[PDB]
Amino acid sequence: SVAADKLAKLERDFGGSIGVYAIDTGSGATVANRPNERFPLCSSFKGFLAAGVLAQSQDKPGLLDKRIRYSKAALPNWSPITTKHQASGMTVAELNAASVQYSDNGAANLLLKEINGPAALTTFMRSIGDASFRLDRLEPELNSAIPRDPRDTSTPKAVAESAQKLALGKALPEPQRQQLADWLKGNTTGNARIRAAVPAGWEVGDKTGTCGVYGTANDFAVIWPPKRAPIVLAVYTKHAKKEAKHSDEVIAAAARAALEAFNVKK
């Protein structure tokens, strides 16, 4: 296809692999590249963590209102929101907002503890029919991104299909789906990635990941146009060389190629 050819050229210049899965929920059309290959999730797992916490909240009402207090010394690196609010604590809802919208690592590890760990999140994902997602480790060790290593990975197809089920479909009850959507829509970290390829002003709920090694970074998004049906897009990169840098521009370019196949151009 046009899109496949553009994605192949992006891979050649990048020197590594670009996994793409896009779904136009209007027509059902798809764009795929390396759809079933594993890529590290990095911070992108936090969008699915939010869905797993919301799933627990159907059981335990008031869960989003529960205030979590924590020590300063227990926070991992890259915890800007949780560090700032240590004296006040944060509610489970606030922690999800920081985890999803700022990629706060301390928030993500606190919510992992709330839902009983990476295996528990993986079980929730299996319960929606996602057989690919696996979370094995906590922040920051989950970002090692070692080539061929299956820990803390998913596939582009499974990321996009699960994002569809959770943020557009019925895997969560409607109030929880709306909350997940609203958290993703207020992300602040994705402006150079999928969003860079989306027409101005359209709502985009996305979650980025940047492992910081092996050219490994990613973004997945649900795009809500004003005039046409939602589109779901997952873009994941990896590279065989430890020192290879990830590229926002490559991710944005891959998003552009997929969206052009759906006749969406910024």
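The first residue of the shown sequence is 1; numbering continues from there.
As recorded in the PDB entry, 73-81 is the stretch of 73-81 and 115-123 with the greater mean C-alpha temperature factor. Comparing 19-27 with 6-14, the stretch with the higher mean C-alpha B-factor in the PDB entry is 6-14.
When the C-alpha B-factors of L64, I223, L49, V235 are ranked from the entry, the top spot goes to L64.
Looking at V100, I146, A171, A131, the one whose CA carries the top B-factor in the deposited record is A171. Annotation for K60: C-alpha temperature factor in the highest third relative to the rest of the modelled chain, per the entry. In the PDB entry, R34 places in the middle third of its chain by CA B-factor. Ranked by C-alpha B-factor against the other modelled residues of its chain, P230 falls in the middle third. In the PDB entry, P156 places in the lowest third of its chain by CA B-factor.
Ranked by Cα temperature factor within the chain, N187 sits in the lowest third according to the deposited record.
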